[PDB]
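For reference, the chain that follows is the form deposited without the partner chain, supplied as structure tokens.
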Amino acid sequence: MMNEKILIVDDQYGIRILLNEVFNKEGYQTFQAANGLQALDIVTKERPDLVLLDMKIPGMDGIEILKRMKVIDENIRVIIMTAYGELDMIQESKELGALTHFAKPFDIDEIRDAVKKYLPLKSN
């Protein structure tokens, strides 16, 4: 316990400001990205333990991005965000290296709850 680097990977604007302000006051230094390529760049200059991959990006599937994250360090918690039902490679995704897979529309309460339950942060 002694760090809090998060990386929000996504292109659609809007949610990037929700996870930012929320993880901003809560006490988390999250960043912003888009193409998996960038997510890796910041992951190498920051090496965050929480990586959010949005499969709703208009370009490619982050599925491969994760494979690269775990390959670097199996001790890297990387969450995902896609359909909240049709499990398309979501059940196996975690098996490789993905805590859980949120979806949209999601609730800032369930997001700050799981994250706060995963990584430890100044509380009380």
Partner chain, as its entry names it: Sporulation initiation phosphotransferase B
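Residue numbers count along the first chain shown, from 1.
Note that the form solved in complex with the partner chain isn't included here; everything after this is about it.
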**Request:** Kindly confirm or deny that 12, 83 and 87 each have some heavy atom within 4.5 angstroms of the partner chain in the entry with it bound.
**Result:** yes
**Request:** Go through 37, 96, 99, 76 and name the one with a heavy atom inside 4.5 Å of the partner chain in the entry with it bound.
**Result:** 37
**Request:** Would you please decide whether residue 67 lies within 4.5 angstroms of the partner chain in the entry with it bound, comparing each non-hydrogen atom pair?
**Result:** no
**Message:** With the partner left out here, check for me: in the entry with it bound, does some heavy atom of residue 56 sit within 4.5 Å of the partner chain?
**Reply:** yes
**Prompt:** Any of the heavy atoms of residue 49 lying within 4.5 Å of the partner chain in the entry with it bound?
**Reply:** no
**Asked** Might residue 18 be said to contact the partner chain in the entry with it bound, defining contact as any heavy atom within 4.5 Å?
**Response** yes
